[PDB]
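These notes are about the structure you will find just below.
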Amino acid sequence: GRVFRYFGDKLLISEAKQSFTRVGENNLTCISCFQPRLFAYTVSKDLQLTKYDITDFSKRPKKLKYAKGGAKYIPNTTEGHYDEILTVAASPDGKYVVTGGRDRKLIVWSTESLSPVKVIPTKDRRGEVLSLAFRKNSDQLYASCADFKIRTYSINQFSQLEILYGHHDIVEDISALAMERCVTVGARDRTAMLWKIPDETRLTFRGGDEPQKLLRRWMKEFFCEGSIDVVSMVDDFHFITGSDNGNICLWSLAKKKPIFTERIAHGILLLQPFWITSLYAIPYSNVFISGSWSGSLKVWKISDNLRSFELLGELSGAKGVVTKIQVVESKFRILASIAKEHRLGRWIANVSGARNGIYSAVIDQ
Amino acid sequence: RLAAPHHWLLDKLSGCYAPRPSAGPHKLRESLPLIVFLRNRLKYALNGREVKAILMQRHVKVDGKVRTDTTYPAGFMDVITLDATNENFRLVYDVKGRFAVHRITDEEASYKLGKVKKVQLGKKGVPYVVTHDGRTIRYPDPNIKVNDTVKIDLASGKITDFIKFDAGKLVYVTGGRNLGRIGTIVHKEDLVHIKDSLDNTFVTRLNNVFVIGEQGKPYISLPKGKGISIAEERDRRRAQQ
Amino acid sequence: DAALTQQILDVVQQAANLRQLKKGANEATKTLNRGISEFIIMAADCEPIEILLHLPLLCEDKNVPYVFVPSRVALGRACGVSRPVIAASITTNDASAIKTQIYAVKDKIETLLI
Amino acid sequence: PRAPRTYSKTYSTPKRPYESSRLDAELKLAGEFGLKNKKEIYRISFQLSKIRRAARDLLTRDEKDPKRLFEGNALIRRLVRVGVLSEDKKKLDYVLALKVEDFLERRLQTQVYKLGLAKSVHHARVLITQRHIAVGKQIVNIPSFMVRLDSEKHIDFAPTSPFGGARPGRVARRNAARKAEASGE
Amino acid sequence: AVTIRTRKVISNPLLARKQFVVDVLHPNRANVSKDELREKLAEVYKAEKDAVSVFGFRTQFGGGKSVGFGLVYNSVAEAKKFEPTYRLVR
RNA sequence: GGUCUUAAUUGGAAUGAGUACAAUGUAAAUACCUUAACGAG
């Protein structure tokens, strides 16, 4: 599968409708969206499962259902998370929504009733679940943890499909699409790998190549990377990545190098560049998006040659910690996840204009 | 097996024996036992037990007649038609020199080209031609001579047109180092100097030259490669299958 | 510099996982007093900077390599903590699986001090 | 009328059988590495000598020699993958000066010590030979393993074995059921 | 609980069937007892066990995984017609 | 003369070699891989 979607010159851009909604709880972890009515799913570092509907583009999202935790599940499979669920996604049929977190237990939920449908213990001391990705149109399930392990589960069989090993560093981020394969990034490794699951094969990517290259390049006339933050897989054959040093790198299987690279995406503040907090694309399109506590949504376009990208524009509408980004259309309405504190706990300085909840954006054409 | 013809491309291990073509219309080294076609080339069969099970169902005709023998010796210009599956092949060469997997239309399946091998006066004073596939047709056009080729109907026998062998005809190579090359002629010294559609020149013995039409105008569909492939052929068969 | 900072942060991370690291100005000071510090890492953006100014002095007296990295947030992450760290001490272990990496960092720091 | 199974031996004994000086050296090694006999050192003295030979030959060729280049770089890369040759001492001149400890240091054996996991080269052995150690998904019970670089991190107790989740053991489990049958009812 | 994947599914109407590659994951169990694959591979299609046949099993070393070859027929009479008999006794 | 600096005693806290239901393996068997009941002073 590849990109057949070129709207890149259509977008309502500047006039995009921007709004916010204040929420009850604090430190919002993640946001998912089910598209066949539209659905919205967020779990909280406050120990709650939270469900809304945006299905109108004329108005802000609207309450549906919630179920809140406590300490009351503390012991080893118990129905509920007494600790913080660090990621969430829902069954691509909309029949289910699943959660995992600091307590390294799998709690999957029947959405409609919104009560535990099932629970699978991960079985480790180290097994905290960092991220979740479904394959399209499937209850196949890819899951990543810091024990370097990758776990796969087909929902309706509620059974453990497969397991993988192999990043020298912890596994922050995985992306997945219709065909069977997925990608993981090893953070402080400065590497990223691809996974053909049945074939059980990984292919390898290395960034991080020093400064005193930039300098030496540009003296014919400013940052190392410490870690690979995140990855959004645009097609089968191309994808993008981002790093605390604010470098955005589109990588492609064609070469073992990055096929294009960018610096200081969200800017700086010797001195500190911004991390790239949330990197997300809409499938098989020419456009992706990033966000950071510098609070400017940066929407980038792929050029038809697909050999470079360009900025479409910025949406100031969000400020502070940006965990997740999701594009839902029927037009476009982007739902942003903003807490005042980053997902994994190494804190980000003096967030101001800070807030907690959903951010709304309405684009058309 | 090992003393079998290389161009069947049977592996070395597997067993001791190869099929060994029945007696039939094509010499043993120049043939392609159906079993090799069904199981080895087309992958419809696994076992030899299953090749048979297929054939007894009368699932396969060669030149229009159901043929029911595992080791029946099919060969060059033969048709082979599996009905319950809708496919029509014609056995014609790779440029490697391998009977190629070459699907042909649901027409075309209706005729074949045969090389005339002999042309003689049978008894009662009636004349006959003999083709390379061991067909004898009586009463042929008096202009037909040895080495000419001849469009046979197939449902009836019956020659329905012919091509003379002379300088400039389009030509298939049916044996030897150049087995599979196609090309015009140039010169008969017997040896036949052939030139292909790339001004590449080569010789073979007259015995190995087969006339298939006029330059740029073959009378049959040529495999991928225009004899300048049996592998491409196999890649399409298993993949569409 | 940028290169040495990444080298340092990576060794700090490995030391954290192997429990061969002490975090904080006070804990760092104690490793120095006990002579069990291979080297000291400090954050250059520590605020106020005064809380750690005794470390360079102490390291010089103990002949222990010390260096500043630019970000307390980054050093905190390397220490495997969701909080900023302004000082860290890689402790002694001659049988450490990462002894060579620690020695490499020491040599780099020593060269800078010269 | 079959096809020979090719084999070779993996160690070599020393010329002078009774040098006190060499004997002591070997014992220190056995002790500091949790080794079993001499062959366990002999094997490595042998592995080394061939590497050094390989190296020597190459070094006599002209640098820029396709042979030298192609195989030298390979020997180095191989030696580094396993963490024998330092991330840079990456030259033939340096493999020559490589020595036995440098290999001996990367045994599973010595690594399972080297990150807690054992607190002894001897606990380590018995741990390894008793299944409680996977490299990745895979149990590994050969002490002689040879832990490659980016594989350092994946070494841990196994999904089977008390020390990795999953039951305790059958001597513990025996103990649970003696406080059971008598003292319970 | 087992995870059952069939790769390489091709139609062979010459023997009126589907040919595929069996891939069953055995995460903690021990093994599969192929009758139960006649069960699940029966009910995953319309097959009523005696129209499927699965034989080609050699397990994965280390455990937990089994890979082989499998056959689905229409018309259980054709399973009585076409199969080799030493599985018909199975 | 010089120079450094443990047990014929006791106490309680995992594993396969074997052995063996099973299933697995096999043409049928056997061993391996899995695994109930067993199996260390």
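Following the order of the structure tokens, first chain is A, next is B, and so on, with residues numbered from 1 inside each chain and ligands from 1 in the order they appear.
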- Message: If the cut-off is 9 Å, can you tell me the residues of chain D near chain F, counting only C-alpha atoms (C1' of nucleotides)? I'd like them as a ChimeraX atom specification.
- Response: /D:130-131,161-162,168-172
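All chain D residues having an atom within 6 Å of chain A, based on only C-alpha atoms, amount to residues 136, 150 and 153 of chain D.
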Would you mind exporting N, CA, C and O atoms of the selected residues as a compact mmCIF listing (two decimals), in the first residue's frame?
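Dumped to part_35.txt:
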```txt
# COMPACT_ATOMS: atom_id res chain seq x y z
N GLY D 136 17.34 -13.06 25.27
CA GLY D 136 16.16 -12.81 24.48
C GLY D 136 15.11 -13.83 24.88
O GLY D 136 14.90 -14.08 26.06
N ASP D 150 25.19 -5.82 21.06
CA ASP D 150 23.83 -5.30 21.23
C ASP D 150 22.90 -6.38 21.76
O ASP D 150 21.68 -6.24 21.77
N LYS D 153 22.15 -6.45 26.60
CA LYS D 153 20.98 -6.01 27.36
C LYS D 153 19.87 -7.06 27.51
O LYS D 153 19.03 -6.91 28.37
```
Go through chain D and flag each residue having an atom no more than 10 Å from chain E; for those, report the closest pair of atoms plus their distance in Å to one decimal, using only C-alpha atoms, ordered by chain and rising number, as CSV.
```
residue,atom,partner,partner_atom,distance
D:137,CA,E:62,CA,9.6
D:138,CA,E:62,CA,7.7
D:139,CA,E:62,CA,8.6
```
- 9 Å contact set for residue 87 in chain C, only C-alpha atoms (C1' of nucleotides), chain neighbours under 5 positions out, as a PyMOL selection string: chain C and resi 22-28+40-43+46+52+55+68+72+75
Write out as a tab-separated table the residues of chain A that have any atom within 7 Å of an atom of chain E, one row each with the nearest atom pair and its distance in Å to one decimal, counting only C-alpha atoms, sorted by chain and then rising number.
```
residue	atom	partner	partner_atom	distance
A:159	CA	E:1	CA	5.9
A:160	CA	E:27	CA	6.8
A:161	CA	E:3	CA	6.0
```
- Message: Select, as a count of residues only, those residues of chain D with any atom no more than 8 Å from chain C (distances computed using only C-alpha atoms).
- Response: 4
- Message: Applying 10 Å and only C-alpha atoms (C1' of nucleotides), which residues near residue 102 in chain D remain after dropping the ones on its own chain fewer than 2 positions away? List them as number ranges by chain.
- Response: D: 83-86, 98-100, 104-106
- Message: List the spatial neighbours of residue 101 in chain B as a VMD selection string - criterion: any atom at most 7 Å away, only C-alpha atoms (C1' of nucleotides), same-chain residues fewer than 2 positions off excluded.
- Response: chain B and resid 89 99 103 230 233 to 234
- Message: Please list as JSON, numbers by chain every residue within 10 Å of residue 175 in chain B, counting only C-alpha atoms (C1' of nucleotides) and excluding residues in the same chain fewer than 5 positions away.
- Response: {"B": [30, 93, 97, 180, 181, 204, 205, 207, 208, 209, 210]}
Can those selected residues be exported to a file as a short mmCIF file (atom, residue, chain, number, x, y, z; two decimals), in the first residue's frame so that it contains C-alpha atoms?
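Output saved as part-v6.cif:
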```cif
data_model
loop_
_atom_site.label_atom_id
_atom_site.label_comp_id
_atom_site.auth_asym_id
_atom_site.auth_seq_id
_atom_site.Cartn_x
_atom_site.Cartn_y
_atom_site.Cartn_z
CA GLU B 30 12.71 -33.71 -27.24
CA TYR B 93 10.91 -22.92 -26.12
CA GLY B 97 16.03 -24.19 -24.32
CA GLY B 180 15.22 -21.15 -28.51
CA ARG B 181 16.56 -18.27 -30.53
CA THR B 204 22.72 -24.24 -36.85
CA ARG B 205 22.11 -27.40 -38.82
CA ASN B 207 17.71 -30.16 -39.05
CA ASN B 208 17.34 -27.58 -36.20
CA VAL B 209 15.59 -24.78 -38.08
CA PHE B 210 11.73 -24.50 -37.90
#
```
- Query: Do you know which residues are at most 10 Å from residue 32 in chain D counting only C-alpha atoms (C1' of nucleotides), after dropping those on the same chain fewer than 2 positions away, and could you put them as a PyMOL selection string?
  - Reply: chain D and resi 27-30+34-35+101+104-105+110+120-122
- Message: Among range 119-190 of chain B, which residues does DSSP mark as strand (DSSP E) when it is run on the backbone? Keep the chain and numbering as in the structure and answer as a ChimeraX atom specification.
- Response: /B:119-121,127-131,136-138,149-152,159-163,169-173,182-183,187-188
Please identify every residue of chain E that has at least one atom no more than 10 Å from any atom of chain F, counting only C-alpha atoms (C1' of nucleotides), and report them as a tab-separated table (two decimals) with C-alpha atoms, in the first residue's frame.
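Result written to out_13.tsv:
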```tsv
chain	number	residue	atom	x	y	z
E	28	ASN	CA	2.12	-22.73	26.79
E	29	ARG	CA	0.19	-25.84	25.97
E	30	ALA	CA	2.40	-28.57	24.71
E	31	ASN	CA	1.29	-29.48	21.26
E	32	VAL	CA	-1.90	-29.69	19.26
E	33	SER	CA	-3.24	-33.32	18.85
E	57	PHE	CA	3.72	-31.16	11.14
E	58	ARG	CA	7.22	-30.82	12.44
E	59	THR	CA	7.29	-28.60	15.51
E	60	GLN	CA	9.47	-25.57	16.00
E	61	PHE	CA	12.57	-26.25	18.05
E	62	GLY	CA	12.48	-24.50	21.39
E	63	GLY	CA	8.73	-25.06	21.38
E	64	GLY	CA	5.45	-23.22	21.14
E	86	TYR	CA	-3.61	-44.03	5.66
```
- Point-to-point distance in Å for CA of residue 66 in chain A and CA of residue 105 in chain A: 19.4 Å
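With only C-alpha atoms as the atoms that count, the minimum distance from chain B to the choices E:82, E:18, E:75, E:87 is reached by E:82.
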So that each row is one residue of chain E with an atom at most 8 Å from chain B, can you give its shortest atom pair and the distance in Å to one decimal, using only C-alpha atoms, rows by chain and rising number, as a Markdown table?
```
| residue | atom | partner | partner_atom | distance |
| --- | --- | --- | --- | --- |
| E:10 | CA | B:241 | CA | 6.8 |
| E:11 | CA | B:241 | CA | 7.4 |
| E:12 | CA | B:44 | CA | 7.0 |
| E:13 | CA | B:85 | CA | 7.6 |
| E:14 | CA | B:54 | CA | 6.6 |
| E:15 | CA | B:54 | CA | 7.6 |
```
Requested write-out: N, CA, C and O atoms of the selected residues, as a compact mmCIF listing (two decimals), in the first residue's frame:
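Written file, out_7.txt:
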```txt
# COMPACT_ATOMS: atom_id res chain seq x y z
N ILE E 10 -4.14 -21.38 -1.73
CA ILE E 10 -4.38 -21.44 -3.16
C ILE E 10 -5.53 -22.40 -3.39
O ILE E 10 -5.76 -23.31 -2.59
N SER E 11 -6.30 -22.16 -4.45
CA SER E 11 -7.41 -23.01 -4.84
C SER E 11 -6.92 -24.02 -5.86
O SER E 11 -6.26 -23.66 -6.84
N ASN E 12 -7.23 -25.30 -5.63
CA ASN E 12 -6.93 -26.34 -6.60
C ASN E 12 -8.23 -27.06 -6.95
O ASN E 12 -8.63 -28.02 -6.28
N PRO E 13 -8.92 -26.61 -8.00
CA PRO E 13 -10.19 -27.25 -8.36
C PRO E 13 -9.99 -28.58 -9.05
O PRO E 13 -10.96 -29.33 -9.21
N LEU E 14 -8.76 -28.85 -9.49
CA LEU E 14 -8.39 -30.15 -10.02
C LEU E 14 -8.67 -31.25 -9.01
O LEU E 14 -9.15 -32.33 -9.36
N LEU E 15 -8.40 -30.97 -7.74
CA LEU E 15 -8.78 -31.84 -6.66
C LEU E 15 -9.82 -31.20 -5.75
O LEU E 15 -10.07 -31.70 -4.65
```
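The spacing separating CA of residue 334 in chain A from CA of residue 7 in chain A amounts to 16.0 Å.
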- Note on the structure: One decimal place gives the CA of residue 148 in chain D-CA of residue 130 in chain A separation as 26.2 Å
- Interface, chain A side, toward chain C (12 Å; only C-alpha atoms) as a PyMOL selection string: chain A and resi 126+147+168-170+187-190+208-212+222-227+244-245+269-275+341-349
Residues as selected, C-alpha atoms, written as a PDB file, in the first residue's frame, can you do that?
```pdb
ATOM      1  CA  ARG A 126       9.877  -5.261  33.881  1.00  0.00           C
ATOM      2  CA  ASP A 147      11.913  -5.271  28.613  1.00  0.00           C
ATOM      3  CA  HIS A 168      19.454  -2.456  22.887  1.00  0.00           C
ATOM      4  CA  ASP A 169      17.418   0.308  24.529  1.00  0.00           C
ATOM      5  CA  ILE A 170      13.818   0.502  25.666  1.00  0.00           C
ATOM      6  CA  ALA A 187      15.328   5.871  21.825  1.00  0.00           C
ATOM      7  CA  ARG A 188      18.821   6.380  23.203  1.00  0.00           C
ATOM      8  CA  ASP A 189      19.974   3.721  20.754  1.00  0.00           C
ATOM      9  CA  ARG A 190      19.745   6.184  17.844  1.00  0.00           C
ATOM     10  CA  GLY A 208      22.569  10.478  14.956  1.00  0.00           C
ATOM     11  CA  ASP A 209      25.519  11.247  12.669  1.00  0.00           C
ATOM     12  CA  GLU A 210      27.489  13.959  14.378  1.00  0.00           C
ATOM     13  CA  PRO A 211      27.625  17.727  14.151  1.00  0.00           C
ATOM     14  CA  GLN A 212      31.041  18.974  13.023  1.00  0.00           C
ATOM     15  CA  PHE A 222      23.884  22.619  15.898  1.00  0.00           C
ATOM     16  CA  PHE A 223      22.748  19.568  17.827  1.00  0.00           C
ATOM     17  CA  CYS A 224      23.517  15.936  18.404  1.00  0.00           C
ATOM     18  CA  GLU A 225      20.574  13.650  19.019  1.00  0.00           C
ATOM     19  CA  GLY A 226      20.386  11.950  22.370  1.00  0.00           C
ATOM     20  CA  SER A 227      17.475   9.679  21.578  1.00  0.00           C
ATOM     21  CA  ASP A 244      14.494  15.423  21.188  1.00  0.00           C
ATOM     22  CA  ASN A 245      16.997  17.505  19.295  1.00  0.00           C
ATOM     23  CA  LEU A 269      14.622  26.933  24.490  1.00  0.00           C
ATOM     24  CA  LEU A 270      24.857  26.543  25.415  1.00  0.00           C
ATOM     25  CA  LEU A 271      21.133  26.154  24.738  1.00  0.00           C
ATOM     26  CA  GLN A 272      18.266  23.673  24.463  1.00  0.00           C
ATOM     27  CA  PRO A 273      16.201  22.664  21.418  1.00  0.00           C
ATOM     28  CA  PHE A 274      12.644  21.450  21.798  1.00  0.00           C
ATOM     29  CA  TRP A 275      11.858  17.769  21.847  1.00  0.00           C
ATOM     30  CA  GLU A 341       3.234  17.031  32.185  1.00  0.00           C
ATOM     31  CA  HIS A 342       4.895  14.630  29.790  1.00  0.00           C
ATOM     32  CA  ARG A 343       3.956  10.962  29.526  1.00  0.00           C
ATOM     33  CA  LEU A 344       6.985   9.312  30.970  1.00  0.00           C
ATOM     34  CA  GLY A 345       7.899  11.650  33.814  1.00  0.00           C
ATOM     35  CA  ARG A 346      11.126  13.429  32.984  1.00  0.00           C
ATOM     36  CA  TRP A 347       9.586  16.824  33.357  1.00  0.00           C
ATOM     37  CA  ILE A 348       9.391  19.767  30.942  1.00  0.00           C
ATOM     38  CA  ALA A 349      10.046  23.222  32.368  1.00  0.00           C
TER      39      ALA A 349
END
```
